[PDB]
Amino acid sequence: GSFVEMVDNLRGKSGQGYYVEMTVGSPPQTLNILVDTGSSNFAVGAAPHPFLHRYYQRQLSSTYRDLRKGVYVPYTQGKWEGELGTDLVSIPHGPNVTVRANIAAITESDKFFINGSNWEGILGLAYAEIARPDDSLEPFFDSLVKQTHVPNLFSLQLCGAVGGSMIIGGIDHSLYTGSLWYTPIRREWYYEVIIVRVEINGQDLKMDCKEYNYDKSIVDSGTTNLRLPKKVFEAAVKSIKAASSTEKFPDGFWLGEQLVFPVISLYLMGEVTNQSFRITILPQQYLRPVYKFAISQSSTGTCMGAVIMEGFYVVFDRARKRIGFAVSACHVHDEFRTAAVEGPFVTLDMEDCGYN
Ligand SMILES: O=C(CCCS)NC1CCN(Cc2ccccc2)CC1
């Protein structure tokens, strides 16, 4: 339908994440919370860290309940650590409901909070299997669905340079143009998808598609870049470099070691046997103003981060185990080329593209 009061409920800074306003405890304690489809923990600052505008003060909340258990969460760059419990959570600019969700009260963290950022926590919207310490700690959205009449679905419109919309429990049709195209969620842990073909400026990379999903391919609102696996990255860069011989750039720039074009198509597995669709991004999407090359190599797989997500309206249709892509109404298009979602295409042996 409409969900007009949820539109434009996300803020941020370039490369610094997208956040929704949330309240915790009774009376409500307001916190800005990073929106992360690449993790499954709801975690907030609960101690006066210098970088924080505010923090969760448990002693002030009557509805707080201690779970008397600790949680240690190391990311690649840095870690956070906290004390588990539950409390009443709301999303002011979301649905009118209040849920008892697990909260990780961050007592200690290293390289997690950003000096100068305006957020105080993280909302992991992915599934239980990747929730820390283990799959028994129910992720926020799972509690929201179990406790209220909010449908098991949420959508994201991230708008490049910073704002956007998280539509909880539905789809706002104003936020996209044309048809939605759905790819199946491979397994419910990350939001894992299968990439079946990659074109740089409408030319196939001719690679084994099993390479494009090396380990995994996921939709990650918490990652800034498009993260391509090493083997795919090298072939992609060489091809992007080939199109861009009009200009000159240092060797380290493509490696993400310096600062300062072809469209990039990702063919994704469709709902139907031998059927695919493709999503297409403009240079506006992978050239991030600080300009930086917002495509980087990875060992964990393809991460369809903010670079990808900023061109498209993205439906996390958890109910139907699928993810929807449509042209975002807010993506950065010029007069020449426009970001696209196109289909159907004929693609055989798509099932073989998923690494095991
Ligand atoms: O581990 C993964 C998926 C690996 C394939 S790329 N995603 C994490 C999930 C946690 N998220 C937290 C975070 C987000 C923004 C700023 C700081 C930290 C960082 C990205």
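Computed over heavy atoms, backbone and side chain alike; hydrogens, waters and symmetry mates excluded. Note that ligands are numbered from 1 as they come in the structure, with each ligand's atoms numbered from 1 the same way. Position 1 is the first residue of the sequence, and the numbers go up from there.
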With under 30° as parallel and over 60° as perpendicular, where do the rings of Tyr355 and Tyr214 fit, or are they tilted in between? perpendicular

What is the ring orientation for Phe249 with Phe261, classed by angle as parallel under 30°, tilted 30 to 60°, or perpendicular over 60°? tilted

Short version for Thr76: what comes under 4.0 Å of ligand 1, heavy atoms counted, is neither

Within the 4.0 Å heavy-atom shell around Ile218, which atoms of ligand 1 are there? 3 (C)

Parallel, tilted or perpendicular: which fits the ring planes of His331 and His333, with parallel below 30° and perpendicular above 60°? tilted

Identity of the nearest option to atom 4 (C) of ligand 1, non-hydrogen atoms only, from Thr302, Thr224, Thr300, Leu34: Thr300

For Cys303, take its heavy atoms, then give the atoms of ligand 1 lying under 4.0 Å from any of them. 5 (C), 6 (S)

Closest to atom 15 (C) of ligand 1 among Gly222, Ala126, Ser117, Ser221 (heavy-atom distance): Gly222

What are the atoms of ligand 1, with element, lying closer than 4.0 Å to any heavy atom of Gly38? 7 (N), 9 (C)

Purely on distance, is any nitrogen or oxygen of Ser39 under 3.5 Å from one on ligand 1? no

Give the ring-plane orientation class for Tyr313 versus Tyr176, where under 30° counts as parallel, over 60° as perpendicular and anything between as tilted. parallel

Taking only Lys NZ, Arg NE, NH1 and NH2, and the carboxylate oxygens of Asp or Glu, determine whether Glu21 and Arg11 approach each other closer than 4.0 Å. no

Ring centroids only, cut at 6.0 angstrom: are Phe345 and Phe277 within range, meaning strictly under it? no

Checking contacts here: is it the side chain or the backbone of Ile122 that comes within 4.0 Å of ligand 1, counting heavy atoms only? Could be both or neither. side chain

Tell me whether the centres of the aromatic rings in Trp254 and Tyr286 are closer together than 6.0 Å. no

When only distance counts, is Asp220 in polar contact with ligand 1, meaning an N/O pair under 3.5 Å? yes

